[PDB]
Amino acid sequence: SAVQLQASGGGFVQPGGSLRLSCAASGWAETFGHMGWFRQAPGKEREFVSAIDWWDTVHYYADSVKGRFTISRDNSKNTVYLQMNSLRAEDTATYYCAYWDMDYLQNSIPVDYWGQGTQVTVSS
Amino acid sequence: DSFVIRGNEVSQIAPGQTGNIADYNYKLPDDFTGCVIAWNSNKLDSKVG
């Protein structure tokens, strides 16, 4: 398979701020995978963030991201966003929009395709 | 790597920091891998005169 991903967004958020990311999808894939961001903390290992399925039926959240993270895919241009609610000040990381070429995410460790990173610092 | 910083500049010396000693003296990458050993040397690096 070979999938090209178009991730955009970022900027300079402040403690308590929010982001509205984006990740467009193009190319052929062995399966209709699920989009999402697969982010590491600065100096930390890559970690799962939040998942949405291509059918807009499955959503996932994590404890370190609960209450301040949300994933949604656009119905028109098929660019999945990352809607935010009061992001904390410790998310000064680079968010990678990875790809999982599986219809179901039994485990998040094996990632089929990688995307572009979004380095956003959280300070005023 | 080794160097000397102030006491008020301890918070100023970190990855992603800003200031006349962070952006202008030594910058650490966001995904930096390693360590920082910070100890005081008042009896050696400081002169009473």
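First to last, the sequence lines map onto chains I and A.
For reference, each letter of the first sequence is one residue, going 1 to 124 in the authors' numbering.
For reference, each letter of the second sequence is one residue, going 398 to 446 in the authors' numbering.
Backbone N, C-alpha and C define an ideal beta-carbon position, used for all residues, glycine too.
(message) Out of I/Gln106, I/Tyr99, I/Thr121 and I/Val120, which one is the CA nearest neighbour of I/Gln4?
(response) The count along the first sequence starts at 1 and reaches residue 4 of chain I at position 4. Per the Cα distances, I/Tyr99.
(request) Using a Cβ cut-off of 8 Å (strictly closer), state whether A/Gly413 contacts chain B. (result) Annotation note: the requested chain B is absent from the structure, which comprises protein chains I and A.
(message) For I/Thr92 and I/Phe12, what's the separation of their Cα atoms in angstroms?
(response) Reading the first sequence from its first residue, position 92 is the one you call residue 92 of chain I. Reading the first sequence from its first residue, position 12 is the one you call residue 12 of chain I. The alpha-carbon atoms of I/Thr92 and I/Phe12 are separated by roughly 10 Å.
(request) Quick one: list the residues of chain I neighbouring A/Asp420, beta-carbon separation under 8 Å, in chain order. (result) Taking the second sequence and counting its residues from 1, the one referred to as residue 420 of chain A is at position 23. Within 8 Å Cβ-Cβ: nothing; A/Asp420 doesn't reach chain I, min ~13 Å.
(request) Return the first residue and the last residue of the beta strand (DSSP E) that A/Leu425 is part of. (result) On the second sequence, position 28 is the one that residue 425 of chain A refers to. The continuous stretches of beta strand (DSSP E) do not include A/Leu425, and DSSP gives it neither H nor E.
(message) To be precise: take each residue of the segment 415-444 of chain A, compare its Cβ to all Cβ atoms of chain I, and keep it if any distance is under 7 Å. Which residues remain?
(response) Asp427, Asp428, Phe429 and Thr430
(request) Run the CB neighbour count on A/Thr415, radius 10 Å, all protein chains shown included, and call it buried at 16 or more, exposed below. (result) Residue numbering aside, residue 415 of chain A sits at position 18 when the second sequence is read from its first letter. The residue in question, A/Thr415, is exposed, as its Cβ has fewer than 16 Cβ neighbours within 10 Å.
(request) Would you check if the segment 107-120 of chain I and the segment 20-38 of chain I touch, i.e. whether three or more CB-CB distances between them fall below 8 Å? (result) yes
(request) Could you tell me how far apart the beta carbons of I/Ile52 and I/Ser26 are, in whole angstroms, since I believe they sit closer than 8 Å? (result) By one-based count along the first sequence, residue 52 of chain I stands at place 52. By one-based count along the first sequence, residue 26 of chain I stands at place 26. That belief does not hold up - the Cβ atoms of I/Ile52 and I/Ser26 are roughly 17 Å apart, past 8 Å.
(message) Taking CB distances under 8 Å as the criterion, tell me whether I/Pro15 reaches chain A.
(response) One-based indexing of the first sequence puts residue 15 of chain I at position 15. I/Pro15 does not count as touching chain A.
(request) Assuming I/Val120 and I/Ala89 form a contact by the criterion Cβ under 8 Å, report the distance between their Cβ atoms to the nearest whole angstrom. (result) On the first sequence, position 120 is the one that residue 120 of chain I refers to. On the first sequence, position 89 is the one that residue 89 of chain I refers to. Incorrect: roughly 12 Å between the Cβ atoms, too far for contact.
(message) Is it the case that the segment 405-415 of chain A contacts the segment 58-76 of chain I, given that we only count it when at least three CB pairs across the two stretches are under 8 Å?
(response) no
(message) I/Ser64 and I/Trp28 - do their beta-carbons sit closer together than 8 Å?
(response) In the first sequence, residue 28 of chain I corresponds to position 28, counting from 1. In the first sequence, residue 64 of chain I corresponds to position 64, counting from 1. Taking 8 Å as the Cβ cut-off, I/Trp28 and I/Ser64 do not qualify as a contacting pair.
(request) Kindly say whether I/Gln116, judged by its beta-carbon, lies nearer than 8 Å to any beta-carbon of chain A. (result) Within the first sequence, numbered from 1, the residue matching residue 116 of chain I stands at position 116. So no, I/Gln116 is outside the interface.
(message) Judging by CA-CA distance, which residue of I/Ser22, I/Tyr96, I/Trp55 and I/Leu82 is the nearest neighbour of I/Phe32?
(response) Here the question's residue 32 of chain I lines up with position 32 in the first sequence. The candidate whose alpha carbon is nearest that of I/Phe32 is I/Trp55.
(message) Am I right that I/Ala24 and I/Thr70 are in contact with their C-beta atoms under 8 Å? What's the rounded C-beta distance?
(response) Start at 1 with the first residue of the first sequence, and residue 24 of chain I comes out as number 24. Start at 1 with the first residue of the first sequence, and residue 70 of chain I comes out as number 70. Not really, about 18 Å apart at Cβ, beyond 8 Å.
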